[PDB]
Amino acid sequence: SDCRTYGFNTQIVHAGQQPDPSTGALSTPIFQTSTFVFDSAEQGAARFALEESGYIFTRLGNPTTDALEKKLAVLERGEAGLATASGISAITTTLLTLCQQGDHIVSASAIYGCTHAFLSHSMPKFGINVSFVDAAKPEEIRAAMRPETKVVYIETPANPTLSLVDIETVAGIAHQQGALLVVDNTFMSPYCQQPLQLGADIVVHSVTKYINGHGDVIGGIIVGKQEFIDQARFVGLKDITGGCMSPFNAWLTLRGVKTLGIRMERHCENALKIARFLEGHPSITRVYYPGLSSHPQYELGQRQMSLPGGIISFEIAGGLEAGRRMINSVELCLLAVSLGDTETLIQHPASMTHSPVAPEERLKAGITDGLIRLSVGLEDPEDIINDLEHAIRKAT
């Protein structure tokens, strides 16, 4: 049929893929090649004028990476996809394709840090100005728009305390004033949230996280309309960042994404159990998780997301020293700064990533001294709860 017609789990498995026409191989072959041969001089010009269907060099396009791009276009309900070297490269290829000297961007403040440096330092050095706002208050977005504004940029849920942004409302706003809305959907995956279906124009992900899911690939993807994707490919990728994905990396992420549905169901079932345990514990002051009915935006969460996610933040009694003790006493959870792997990962920003930042500066950035972030994996939830209970008790 057409893969766009089956159920969502059937699409995760089949979309963008078929048996190799030449041999019947069921697995997508790894086309680990730099160049592609023509059968005549005429076929050579046909392709080079983009008139012919074909490949020319991998930096431009490849059969392996084309399969991954078509799969993720189906899952997010967009026209076309484009793969990239990193999550960062997906966001920069995007915004450097759209913007030029004299343009303006409105951005959420609560976004990924490497993204925050690109927007606050690199963009202004090329003539592109950025205003940062609290995107949980849609009126702040409206008040910062200018006649020069080309793009509005948001993430949801947002780190470190998992606050939300009302995608449908923000899209309407940006579009009223002739801007595009760009959403980073890395935290949720297309299994749990679909920003294009709520009005967004372009969606980006680090596949490094849940879409791959196995902790062994650095990569990104951009999904949107065909006429935007063509410019992102033939200008942004080709003539600006040079951030292409390797064919082996595309094959590993096609392999990881086959299990996306069954991994997201288990991540989210395990995280709800662990968040209820932490909510009842007398040494934990706060628990930030969208699935708990005390979250300040619980009802928006219930309309916009099909599940509440695999990430939890929480605050331990006793501040900086207590969080340092808790982290040093886990024996099953692993200390690391990534997320979305099959193993449970834990980190304590105040004593780890943000140790050089000044207390009152982190504080205005949402990061208290006792805040711990947990990426819940696929282990038995009992075992994770037991490791947490033991480390909390010691710490406190």
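A residue's number is simply how far along the shown sequence it sits, counting from 1.
Higher mean CA temperature factor between 77 to 85 and 124 to 132: 124 to 132, per the PDB entry. The PDB entry records a higher mean C-alpha B factor for 361 to 369 than for its counterpart among 329 to 337 and 361 to 369.
Looking at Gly219, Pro296, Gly261, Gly224, the one whose CA carries the top B-factor in the deposited record is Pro296.
Ranking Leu68, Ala350, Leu345, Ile30 by Cα temperature factor from the entry places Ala350 first. Sorting the modelled residues of the chain by their CA temperature factor places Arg324 in the highest third. When the modelled residues of the chain are ordered by C-alpha B-factor, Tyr288 sits in the middle third. When the CA B factors of the chain's modelled residues are split into thirds, the value for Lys150 lands in the middle one. Annotation for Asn386: C-alpha temperature factor in the middle third relative to the rest of the modelled chain, per the entry. Sorting the modelled residues of the chain by their CA temperature factor places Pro308 in the middle third.
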